[PDB]
Structure formats: structure tokens, C-alpha cells
Amino acid sequence: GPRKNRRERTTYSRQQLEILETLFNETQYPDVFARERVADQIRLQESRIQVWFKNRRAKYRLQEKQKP
């Protein structure tokens, strides 16, 4: 689900998944301009959102076999 550790924007929101679905999709340029950007989307720190950037970005390995 939308969480890498335990914390999140709320009980369950797409924002947590936006950091990636938006960034990871926008481009493969993992730089301050990226994290600092999505940070305004989910309303989180620029350097903090980085930790969540792996939320979905990492799930890519799980869904690789999960989905049909």
C-alpha cells in the first residue's frame, strides 16, 4: 500500500503514491528539483519526500510478479 515505513499524509490517500506515479512517471531524474517538487503535491518536506519516493518506485519490483 501507500507507505514505505508507517507514516503518511493520512489514513489512505493517493498523494503518497503521487510522489512516484508523478515523478517516476514524469522522468528518471531523481534530483532536488524532483523531490522538492512533489513535496508540494503531497505537502511534505523536500528531503523527506525522498524516503517516500521509494514507496511506489520500489513496488515496481513487487508488481513485476504480482500482476498477471
# chains A, B, ... in the order shown; residues from 1 in each chain; ligands from 1
$ residues_around --residues "residue 58 (chain A)" --least-positions-apart "5" --cutoff "10 Å" --atoms "only C-alpha atoms" --output "PyMOL selection string"
chain A and resi 4+20+52-53+63
$ write_last_selection --atoms "C-alpha atoms" --output "mmCIF file, in the first residue's frame"
data_model
loop_
_atom_site.group_PDB
_atom_site.id
_atom_site.type_symbol
_atom_site.label_atom_id
_atom_site.label_comp_id
_atom_site.auth_asym_id
_atom_site.auth_seq_id
_atom_site.Cartn_x
_atom_site.Cartn_y
_atom_site.Cartn_z
ATOM 1 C CA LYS A 4 7.273 2.808 2.974
ATOM 2 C CA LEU A 20 6.239 8.333 -7.681
ATOM 3 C CA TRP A 52 8.661 8.043 0.312
ATOM 4 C CA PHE A 53 9.814 8.335 -3.300
ATOM 5 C CA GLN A 63 4.187 -5.767 -9.065
#
$ residues_around --residues "residue 59 (chain A)" --least-positions-apart "2" --cutoff "12 Å" --atoms "only C-alpha atoms" --output "ChimeraX atom specification"
/A:1-4,17,20-21,24,52-57,61-67
$ write_last_selection --atoms "N, CA, C and O atoms" --output "compact mmCIF listing (two decimals), in the first residue's frame"
# COMPACT_ATOMS: atom_id res chain seq x y z
N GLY A 1 0.81 -1.21 0.00
CA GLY A 1 0.00 0.00 0.00
C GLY A 1 0.84 1.26 0.00
O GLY A 1 2.07 1.21 -0.03
N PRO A 2 0.17 2.42 0.03
CA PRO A 2 0.85 3.72 0.04
C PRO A 2 1.58 4.00 1.35
O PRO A 2 1.09 4.73 2.20
N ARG A 3 2.76 3.40 1.50
CA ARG A 3 3.56 3.57 2.70
C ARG A 3 4.87 2.80 2.61
O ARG A 3 4.89 1.64 2.17
N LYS A 4 5.96 3.44 3.01
CA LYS A 4 7.27 2.81 2.97
C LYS A 4 7.73 2.41 4.37
O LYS A 4 8.51 1.47 4.54
N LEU A 17 1.23 8.00 -3.19
CA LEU A 17 1.55 7.28 -4.43
C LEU A 17 1.82 8.26 -5.56
O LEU A 17 2.31 7.87 -6.63
N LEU A 20 5.64 9.19 -6.66
CA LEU A 20 6.24 8.33 -7.68
C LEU A 20 5.45 8.40 -8.98
O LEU A 20 5.97 8.82 -10.02
N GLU A 21 4.19 7.98 -8.93
CA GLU A 21 3.32 7.99 -10.10
C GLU A 21 3.48 9.29 -10.88
O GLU A 21 3.31 9.33 -12.10
N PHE A 24 8.31 9.54 -10.81
CA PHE A 24 8.80 8.36 -11.52
C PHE A 24 8.29 8.35 -12.96
O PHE A 24 8.98 7.90 -13.87
N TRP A 52 9.93 8.57 0.80
CA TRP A 52 8.66 8.04 0.31
C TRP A 52 8.71 7.82 -1.20
O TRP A 52 7.90 7.08 -1.75
N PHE A 53 9.66 8.46 -1.86
CA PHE A 53 9.81 8.34 -3.30
C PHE A 53 10.03 6.88 -3.70
O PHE A 53 9.83 6.50 -4.85
N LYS A 54 10.44 6.06 -2.73
CA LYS A 54 10.68 4.64 -2.98
C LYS A 54 9.40 3.84 -2.78
O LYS A 54 9.30 2.69 -3.23
N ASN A 55 8.42 4.44 -2.12
CA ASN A 55 7.14 3.77 -1.87
C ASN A 55 6.70 2.96 -3.08
O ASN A 55 6.71 1.73 -3.06
N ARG A 56 6.32 3.66 -4.15
CA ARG A 56 5.87 3.01 -5.37
C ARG A 56 7.06 2.68 -6.27
O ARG A 56 7.11 1.61 -6.89
N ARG A 57 8.01 3.60 -6.35
CA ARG A 57 9.20 3.41 -7.17
C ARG A 57 9.84 2.05 -6.91
O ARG A 57 10.44 1.45 -7.79
N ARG A 61 9.22 -3.63 -8.37
CA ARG A 61 9.80 -4.96 -8.28
C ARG A 61 8.77 -5.99 -7.82
O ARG A 61 8.79 -7.14 -8.25
N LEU A 62 7.87 -5.56 -6.94
CA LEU A 62 6.83 -6.43 -6.41
C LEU A 62 5.77 -6.71 -7.47
O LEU A 62 5.46 -7.86 -7.77
N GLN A 63 5.21 -5.64 -8.04
CA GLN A 63 4.19 -5.77 -9.07
C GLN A 63 4.72 -6.52 -10.28
O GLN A 63 3.95 -7.06 -11.07
N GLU A 64 6.04 -6.55 -10.42
CA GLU A 64 6.68 -7.23 -11.54
C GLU A 64 6.17 -8.66 -11.66
O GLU A 64 6.04 -9.20 -12.76
N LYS A 65 5.87 -9.28 -10.52
CA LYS A 65 5.37 -10.65 -10.50
C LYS A 65 3.94 -10.70 -9.97
O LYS A 65 3.16 -11.57 -10.36
N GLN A 66 3.61 -9.77 -9.09
CA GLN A 66 2.27 -9.70 -8.51
C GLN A 66 1.21 -9.69 -9.60
O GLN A 66 0.37 -10.60 -9.68
N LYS A 67 1.24 -8.66 -10.44
CA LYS A 67 0.28 -8.53 -11.53
C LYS A 67 0.46 -9.64 -12.56
O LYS A 67 1.55 -10.20 -12.72
$ atom_distance --atom1 "CA of residue 51 (chain A)" --atom2 "CA of residue 12 (chain A)"
17.5 Å
$ select_by_dssp --residues "chain A" --states "alpha helix (DSSP H)" --output "number ranges by chain"
A: 15-26, 32-42, 49-52, 54-66
$ residues_around --residues "residue 23 (chain A)" --least-positions-apart "6" --cutoff "12 Å" --atoms "only C-alpha atoms" --output "VMD selection string"
chain A and resid 15 to 17 29 to 39 41 to 42 49 to 50 52 to 57
$ atom_distance --atom1 "CA of residue 9 (chain A)" --atom2 "CA of residue 45 (chain A)"
11.4 Å
$ atom_distance --atom1 "CA of residue 40 (chain A)" --atom2 "CA of residue 18 (chain A)"
10.8 Å
